[PDB]
Amino acid sequence: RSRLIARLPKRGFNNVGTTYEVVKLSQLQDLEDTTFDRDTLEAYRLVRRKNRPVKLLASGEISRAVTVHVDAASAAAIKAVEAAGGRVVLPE
Amino acid sequence: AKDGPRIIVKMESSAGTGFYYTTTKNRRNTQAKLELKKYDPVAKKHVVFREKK
Amino acid sequence: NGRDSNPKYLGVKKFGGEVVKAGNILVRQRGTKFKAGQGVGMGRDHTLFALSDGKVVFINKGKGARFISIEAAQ
Amino acid sequence: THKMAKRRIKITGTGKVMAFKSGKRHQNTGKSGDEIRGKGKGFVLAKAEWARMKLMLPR
RNA sequence: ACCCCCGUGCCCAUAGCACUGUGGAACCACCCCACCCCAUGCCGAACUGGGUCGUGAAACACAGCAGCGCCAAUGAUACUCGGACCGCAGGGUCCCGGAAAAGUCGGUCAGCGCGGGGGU
RNA sequence: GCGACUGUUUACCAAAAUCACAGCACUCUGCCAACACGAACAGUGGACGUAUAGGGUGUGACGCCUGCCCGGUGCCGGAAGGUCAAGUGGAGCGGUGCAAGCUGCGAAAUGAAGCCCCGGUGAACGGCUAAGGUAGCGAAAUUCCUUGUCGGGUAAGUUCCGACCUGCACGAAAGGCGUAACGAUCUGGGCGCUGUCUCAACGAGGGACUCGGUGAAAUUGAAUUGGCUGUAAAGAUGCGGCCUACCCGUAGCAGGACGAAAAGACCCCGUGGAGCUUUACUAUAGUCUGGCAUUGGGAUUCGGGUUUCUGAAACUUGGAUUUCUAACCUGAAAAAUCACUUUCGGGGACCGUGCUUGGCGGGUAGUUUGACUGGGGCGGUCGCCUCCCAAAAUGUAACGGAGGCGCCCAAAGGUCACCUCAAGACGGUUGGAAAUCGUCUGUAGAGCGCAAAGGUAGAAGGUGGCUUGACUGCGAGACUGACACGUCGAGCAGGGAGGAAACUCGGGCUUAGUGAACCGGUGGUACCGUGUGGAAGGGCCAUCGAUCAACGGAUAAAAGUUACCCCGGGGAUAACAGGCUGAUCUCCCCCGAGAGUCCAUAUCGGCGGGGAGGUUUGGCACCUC
RNA sequence: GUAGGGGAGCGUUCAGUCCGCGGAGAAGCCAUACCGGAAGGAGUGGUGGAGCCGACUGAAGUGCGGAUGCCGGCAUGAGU
RNA sequence: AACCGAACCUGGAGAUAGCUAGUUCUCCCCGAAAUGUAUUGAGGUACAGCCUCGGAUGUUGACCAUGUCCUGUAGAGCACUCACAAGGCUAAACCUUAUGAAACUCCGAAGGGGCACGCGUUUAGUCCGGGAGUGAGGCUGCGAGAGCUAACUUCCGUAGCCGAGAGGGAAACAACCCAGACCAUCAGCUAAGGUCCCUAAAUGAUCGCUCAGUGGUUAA
RNA sequence: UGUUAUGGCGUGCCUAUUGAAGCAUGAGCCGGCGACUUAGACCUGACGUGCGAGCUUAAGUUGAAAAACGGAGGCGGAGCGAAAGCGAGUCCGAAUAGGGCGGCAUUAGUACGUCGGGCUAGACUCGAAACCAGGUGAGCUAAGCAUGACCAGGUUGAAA
RNA sequence: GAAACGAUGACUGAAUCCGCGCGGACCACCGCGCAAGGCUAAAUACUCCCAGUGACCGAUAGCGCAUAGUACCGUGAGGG
RNA sequence: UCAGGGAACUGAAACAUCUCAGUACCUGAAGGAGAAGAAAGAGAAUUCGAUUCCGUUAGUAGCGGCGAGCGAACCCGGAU
Ligand SMILES: [Mg+2]
Ligand SMILES: [Mg+2]
Ligand SMILES: [Mg+2]
Ligand SMILES: [Mg+2]
Ligand SMILES: [Mg+2]
Ligand SMILES: [Mg+2]
Ligand SMILES: [Mg+2]
Ligand SMILES: [Mg+2]
Ligand SMILES: [Mg+2]
Ligand SMILES: [Mg+2]
Ligand SMILES: [Mg+2]
Ligand SMILES: [Mg+2]
Ligand SMILES: [Mg+2]
Ligand SMILES: [Mg+2]
Ligand SMILES: [Mg+2]
Ligand SMILES: [Mg+2]
Ligand SMILES: [Mg+2]
Ligand SMILES: [Mg+2]
Ligand SMILES: [Mg+2]
Ligand SMILES: [Mg+2]
Ligand SMILES: [Mg+2]
Ligand SMILES: [Mg+2]
Ligand SMILES: [Mg+2]
Ligand SMILES: [Mg+2]
Ligand SMILES: [Mg+2]
Ligand SMILES: [Mg+2]
Ligand SMILES: [Mg+2]
Ligand SMILES: [Mg+2]
Ligand SMILES: [Mg+2]
Ligand SMILES: [Mg+2]
Ligand SMILES: [Mg+2]
Ligand SMILES: [Mg+2]
Ligand SMILES: [Mg+2]
Ligand SMILES: [Mg+2]
Ligand SMILES: [Mg+2]
Ligand SMILES: [Mg+2]
Ligand SMILES: [Mg+2]
Ligand SMILES: [Mg+2]
Ligand SMILES: [Mg+2]
Ligand SMILES: [Mg+2]
Ligand SMILES: [Mg+2]
Ligand SMILES: [Mg+2]
Ligand SMILES: [Mg+2]
Ligand SMILES: [Mg+2]
Ligand SMILES: [Mg+2]
Ligand SMILES: [Mg+2]
Ligand SMILES: [Mg+2]
Ligand SMILES: [Mg+2]
Ligand SMILES: [Mg+2]
Ligand SMILES: [Mg+2]
Ligand SMILES: [Mg+2]
Ligand SMILES: [Mg+2]
Ligand SMILES: [Mg+2]
Numbered sequence: 053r054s055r056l057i058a059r060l061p062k063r064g065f066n067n068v069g070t071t072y073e074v075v076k077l078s079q080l081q082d083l084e085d086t087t088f089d090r091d092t093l094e095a096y097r098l099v100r101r102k103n104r105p106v107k108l109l110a111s112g113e114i115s116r117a118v119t120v121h122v123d124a125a126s127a128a129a130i131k132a133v134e135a136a137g138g139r140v141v142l143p144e
Numbered sequence: 002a003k004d005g006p007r008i009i010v011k012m013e014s015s016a017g018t019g020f021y022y023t024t025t026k027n028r029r030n031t032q033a034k035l036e037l038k039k040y041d042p043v044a045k046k047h048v049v050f051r052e053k054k
Numbered sequence: 012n013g014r015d016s017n018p019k020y021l022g023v024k025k026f027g028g029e030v031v032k033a034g035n036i037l038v039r040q041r042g043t044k045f046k047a048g049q050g051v052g053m054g055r056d057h058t059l060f061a062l063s064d065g066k067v068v069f070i071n072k073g074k075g076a077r078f079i080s081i082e083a084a085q
Numbered sequence: 006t007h008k009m010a011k012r013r014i015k016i017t018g019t020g021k022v023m024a025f026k027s028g029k030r031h032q033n034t035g036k037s038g039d040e041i042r043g044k045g046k047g048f049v050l051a052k053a054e055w056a057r058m059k060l061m062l063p064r
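Chains as they are written, first to last, in PDB author numbering: chain I, 53 to 144; chain 1, 2 to 54; chain T, 12 to 85; chain 3, 6 to 64.
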């Protein structure tokens with residue numbers, strides 16, 4: 053700086069703790085065979101990181117009856133998984 | 002903006018049950034006793050602010 | 012000596028027979044060089060601006076009372 | 006760079022860069038309006054370009 | 001329909017002022033009285049409140065009037081876009097279009113609506 | 001004239017009036033001296049010295065002599081007080097745990113040397129407001145004007161001697177005025193002599209020249225390399241035009257080749273260097289000082305607590321005093337420094353030494369010390385607002401022409417309600433230019449808090465009523481800017497204000513009243529919080545702190561000097577010369593008022609006017625750093 | 001058409017692969033009136049006495065008039 | 001130990017160098033910048049402008065015309081403000097007469113700008129992204145300031161040419177006049193300029209002018 | 001082809017520049033040496049190849065007349081916020097005004113390679129004046145110490 | 001810095017198994033460990049030397065040297 | 001290799017802390033290697049399990065005139 057990066061006003065923070073892997077509705081439902089996801093096959097389902105929790109979020113809208121083991125999910129996602137019929141589970 | 006030894010002042014605000022600042026140029030010169038006005042907090046507003054610090 | 016180098020700006024920002032929009036600035040002025048007609052609001056610094064959208068046309072009256080107005084498009 | 010992260014030049018879906026309200030923050034106030042009540046956000050083109058060179062990969 | 005009056009617009013001096021002649025119980029105005037509504041940084045002068053007589057004086061309305069304002073041509077000019085030159089310089093000319101200000105000739109003392117009130 | 005003197009000094013431009021010098025003065029130092037070298041409670045120099053000695057400082061033989069002023073700076077002395085660090089110490093405040101308890105910031109007292117405070121100090125820094133020059137000297141190595149005025153010398157004397165005094169800016173130990181002698185010292189004069197000169201001649205020798213032997217160097221774009229005059233980057237053999245000119249050498253000259261030499265040393269530039277300075281910044285060697293150890297005993301006053309007879313006794317703890325010897329230091333003794341049983345002697349809980357505390361510290365060290373700029377410096381100027389320049393959009397430079405701002409206003413804001421000015425003319429009690437009142441005229445000639453421009457009379461002006469929209473969450477859309485900022489803003493909600501009402505209100509007729517970021521202060525919030533639950537710390541909403549004025553702001557923190565100078569660059573930029581210019585300079589012309597007894601013009605030419613030159617001081621900055 | 005951006009190419013060394021050439025003479029050197037839009041490439045004669053073209057692909061210490069450039073050799077000044 | 005305001009040698013070390021030189025094969029294409037703001041900034045840098053390449057868009061560009069709005073310059077004129085010439089009036093005022101103006105304006109062009117249309121011929125434009133360079137300008141004419149109505153002066157505006165532009169003319173000559181060089185030609189027409197001899201081309205034609213070498217250097 | 005005579009035309013090259021034949025820079029000449037490179041699991045573009053909503057390995061192991069193996073990990077795959085967190089949404093806030101973003105009508109990424117640039121290191125090549133560390137120097141010179149050597153001849157004529 | 005923990009120079013100076021230290025001010029709780037005693041292959045770095053190899057050099061290249069730290073320069077370090 | 005001691009140019013476009021960098025250099029010890037090593041630990045799973053080395057985590061946490069810039073580790077794959 054004589055200029056324009058300083059003069060720009062921040063503190064903010066950092067943190068960045070737990071952040072989730074995205075598994076779309078449209079991923080499971082609609083396409084493929086219903087590999088019937090749950091706790092392991094998911095790694096071979098082409099959604100792969102670990103080191104993080106997995107979370108299901110609603111994207112695609114179609115009817116299928118499925119069950120899944122994830123670490124957390126979205127309200128509307130549960131709403132649309134049970135309403136096409138199905139189950140979604142959280143750890144105990 | 003600038004400040005020093007001078008007259009007037011900037012006080013801001015305070016009041017019953019709301020906790021808030023109007024941040025207003027006042028003056029000690031011609032007339033100063035009560036810095037008192039009416040203002041809107043986190044409440045319904047409708048509340049008197051006494052700006053004497 | 013000479014000690015003011017800043018232009019302000021002024022002039023007339025939207026001329027006559029010009030398609031305008033709502034919130035546009037039709038003029039920047041010192042006093043009221045002209046006053047506002049229908050379609051036109053005016054800020055603190057004067058500065059006639061548009062209330063509605065339309066065609067901005069000028070009415071020049073009797074030398075020193077002048078007016079900017081907005082006639083409909085549709 | 007390690008400074009620009011906790012400051013402006015945040016990175017978006019369009020890889021556009023996020024400005025701030027610099028108007029005044031802490032010092033020199035007791036002056037004006039809703040204008041003040043901004044901490045808010047913004048952006049610009051020309052220094053978009055060499056901005057994210059600071060903080061390249063980690064957005 | 002026509003006269004005229006009261007309100008109210010468009011036009012916002014070629015519609016303004018001066019001089020002025022007419023208009024009174026239709027409309028308007030003063031004048032009328034006011035403790036009280038309401039008011040006067042003092043006075044109902046102005047607001048405002050109760051109503052005629054009275055005069056049309058003053059104000060307002062209409063009309064004559066071009067002394068003053070106001071508007072103002074034609075011609076010619078000043079200047080100038082472009083084109084082409086002169087003079088060491090100040091400065092200047094030619095072609096070509098555009099073309100005032102002022103001044104003169106003149107032009108006027110307005111014009112166009114709406115609603116209501118009262119005449120023949 | 002200067003220094004007294006012999007002497008000494010810039011190896012390689014300065015020998016002196018520099019340095020030293022005997023003599024003088026101030027001051028320090030009592031002996032493991034002061035002082036100085038040094039990782040060092042080692043050693044050594046001071047010194048195998050002891051105040052008639054040693055260090056430091058300044059003057060500078062000898063003679064008369066040495067004045068006034070301590071306010072400031074320093075140095076010496078002082079104690080009644082003002083602040084003053086760690087530290088012994090812990091009322092109090094807050095966290096956590098059910099709890100005992102464990103923990104964070106941390107004070108009144110006790111706290112030294114410093115500094116503020118008082119007094120003295122000058123052959124101390126110093127000055128002629130603390131006082132203002134006592135001798136003595138004075139146009140002087142000091143003098144500007146200045147070749148001062150007179151006089152001496154000379155035919156003629158800006159130098160020189162002598163006076164005088166008007167001392168630009170002498171003066172008493174950074175000595176005053178004298179002084180015999182001294183001097184490869186500096187200055188003026190005279191005698192003598194004389195090639196220094198009028199003004200040069202002849203002679204000698206050693207080079208130069210010629211022949212035989214050996215045979216370099218700097219330099220070098222290449223060259224088939226003339227004169228005038230003109231052009232060209234503004235000094236032409238190399239472009240133009242005209243003149244001249246057969247080929248090639250030898251001896252000679254020094255005008256040109258902006259001739260050679262050294263990437264100018266002057267100047268300027270570089271957020272280049274280094275030496276030096278100091279009341280620039282910052283540290284620091286050194287040194288001062290309180291506490292803590294090394295570090296012990298005994299007496300006496302004193303602050304205090306546990307122990308226990310009705311104010312004494314003690315197991316006691318620190319403090320100042322006093323003193324002691326077993327620590328330690330240090331001397332002699334047959335055994336030079338040590339070591340010792342040692343006989344001893346003196347000092348002594350000190351000194352020293354290690355750790356910490358505060359102070360001083362150009363002794364040393366690292367650095368800082370801006371820009372614009374018709375060269376640099378000095379002067380001025382840096383941001384903001386208004387006019388003019390600005391060529392009828394916008395914009396536009398100048399060390400261009402003028403003038404403002406760093407605020408103010410709880411009402412000069414919000415709204416509602418009402419009000420209309422300056423001036424003139426006639427008449428009026430404090431008047432008789434202006435007050436105050438009344439009549440009459442009266443698009444503004446007034447007012448608008450300030451500068452100015454625009455704008456204003458249907459108000460933005462001038463009064464009152466209520467009031468606090470000088471609000472919170474937002475912002476359609478635009479003006480403007482490279483960015484960062486900056487401006488205008490309909491409409492939406494929460495909620496209020498004035499109005500009967502349509503409605504207006506997110507400060508002020510507008511346009512200046514300002515300041516990014518960083519790091520912190522405070523009130524709100526409850527997002528993060530390193531196993532966990534809290535708390536510390538942080539975040540987010542306010543918000544306070546910048547003549548950060550060099551005003552887009554370099555670090556929290558910074559002045560000078562170089563003639564001892566270095567380097568990197570510059571004809572981007574000064575001093576010389578040239579060039580352009582011609583204000584100034586120089587010179588010529590026009591008119592003809594008047595002088596000239598008469599007549600402007602024989603001469604002279606008011607006030608003005610017109611040119612030539614390119615010798616002047618400049619302007620400019622074009623070729624050459 | 002200067003900085004500058006873009007395109008297609010010439011040439012040198014090394015490398016892998018292919019075609020070969022060479023004591024009835026390789027590379028290097030010398031001349032040259034041919035060819036190609038250029039970088040450049042041939043042909044022939046002379047020299048030379050061992051090795052080397054051409055094509056394709058890969059890799060570079062890859063192209064000089066300058067830097068008061070570097071190492072060297074040799075000139076000018078001069079038979080001074 | 002032959003150069004001492006800090007010796008010599010080796011090392012850090014290829015210090016750092018906003019400074020100065022130097023940067024080498026070919027042809028083909030396009031083609032700049034010396035401006036703005038900011039800068040312990042001023043011969044340096046950041047961003048913008050101006051160049052190139054690729055992509056997308058697809059006439060939005062370009063001139064020119066019509067319509068429409070905006071403007072206070074030139075001129076002009078004293079109606080305000082300051083200045084000012086003569087006379088009257090009983091020194092402001094007031095009237096007759098008469099002027100000056102960058103910071104005066106009752107008036108006010110030519111031109112300029114914005115918008116729309118294309119009614120008309122043209123070709124560029126905008127957006128995304130890669131690579132730049134440039135940020136010393138110079139002269140001339142017109143419009144100003146500064147200067148002395150000086151300068152090969154300076155500082156803005158504006159057109160054009162140098163810059164980075166060869167060819168012709170202007171004797172020579174960056175810029176002025178004419179005109180933009182892909183290559184070959186012992187071909188032709190023109191521009192500015194020329195047409196006696198040096199030298200290309202009428203010692204042309206008609207009516208004048210000047211006797212001075214004016215031509216072939218300026219004024220009262 | 002070589003040379004020549006006459007005619008016409010013609011201001012070295014480079015740099016540095018507003019402007020160079022320049023009386024501005026550099027260079028005697030020829031030869032050879034001589035300056036934009038390299039490095040990284042780096043950043044971002046262009047082109048190309050391979051897989052493709054997937055794409056790739058690093059260290060290493062084994063084998064090397066040659067390469068295979070090795071999923072630790074890296075990049076697409078979800079954004080918004082200061083974060084807790086929420087999720088095709090999110091943040092601001094008292095729900096509806098906006099910021100960014102998904103659906104956009106919609107595509108595509110990843111590993112490698114060459115090239116364009118960026119950063120980091122000398123970073124185009126040459127050139128400092130200086131600064132710091134360790135050391136060599138008093139055989140020159142500035143001085144001290146110890147021990148030696150030297151000063152023809154003449155003049156003057158102090159104390160006692 | 002909210003600065004824990006390790007490490008010492010000065011000065012103080014503990015407990016010891018229902019004890020002790022740690023878990024990033026601190027506390028409780030929950031976990032992790034048992035200091036103030038010692039020794040200890042292997043994977044790791046380097047290249048004087050030796051071997052092999054090379055899209056490394058080939059006589060201004062390559063180490064400075066196709067042998068020389070010699071000639072030569074310096075008092076010396078040193079350079080060459 | 002380890003330890004005792006420990007620079008500056010430079011970067012920050014000035015410069016003090018910071019950077020350069022515990023680099024250069026000096027010095028002690030030692031070996032063919034050295035150092036380090038058998039948890040009063042890492043760490044957040046009541047998981048791991050001496051040390052060193054490589055990969056990675058990762059320019060991530062975090063340090064910073066919060067400037068220039070500096071920059072870990074645990075897990076996890078490997079050598080042993
Ligand atoms: Mg807010
Ligand atoms: Mg013209
Ligand atoms: Mg002497
Ligand atoms: Mg000498
Ligand atoms: Mg001498
Ligand atoms: Mg002597
Ligand atoms: Mg001879
Ligand atoms: Mg020639
Ligand atoms: Mg000639
Ligand atoms: Mg001679
Ligand atoms: Mg010379
Ligand atoms: Mg130089
Ligand atoms: Mg110093
Ligand atoms: Mg304008
Ligand atoms: Mg204009
Ligand atoms: Mg900072
Ligand atoms: Mg500034
Ligand atoms: Mg700062
Ligand atoms: Mg001197
Ligand atoms: Mg010297
Ligand atoms: Mg000296
Ligand atoms: Mg010059
Ligand atoms: Mg000169
Ligand atoms: Mg000259
Ligand atoms: Mg100039
Ligand atoms: Mg070969
Ligand atoms: Mg070249
Ligand atoms: Mg040579
Ligand atoms: Mg001879
Ligand atoms: Mg000779
Ligand atoms: Mg010497
Ligand atoms: Mg170098
Ligand atoms: Mg270094
Ligand atoms: Mg072209
Ligand atoms: Mg410029
Ligand atoms: Mg610049
Ligand atoms: Mg005019
Ligand atoms: Mg210019
Ligand atoms: Mg000029
Ligand atoms: Mg140029
Ligand atoms: Mg051109
Ligand atoms: Mg010619
Ligand atoms: Mg000419
Ligand atoms: Mg020049
Ligand atoms: Mg020459
Ligand atoms: Mg030359
Ligand atoms: Mg030369
Ligand atoms: Mg000796
Ligand atoms: Mg510890
Ligand atoms: Mg050879
Ligand atoms: Mg060799
Ligand atoms: Mg430094
Ligand atoms: Mg630096």
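The beta carbon of each residue, even a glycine, is placed where N, CA and C say it ideally should be.
Using only the alpha-carbon positions, how far apart do residue i and residue j sit?
i, j, result
"residue 144 (chain 3)", "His31 (chain 3)", "Since the displayed chain 3 opens at 6 and closes at 64, residue 144 (chain 3) lies outside it and no answer follows."
"residue 42 (chain I)", "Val22 (chain 3)", "No answer is possible for residue 42 (chain I): it lies beyond the span of chain I, which begins at 53 and ends at 144."
"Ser54 (chain I)", "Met9 (chain 3)", "16 Å"
Nearest by alpha-carbon distance to residue i: which of the options is it?
i, options, result
"residue 151 (chain I)", "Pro105 (chain I), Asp89 (chain I), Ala117 (chain I)", "The shown model of chain I, from 53 to 144, leaves out residue 151 (chain I), and the question about it has no answer."
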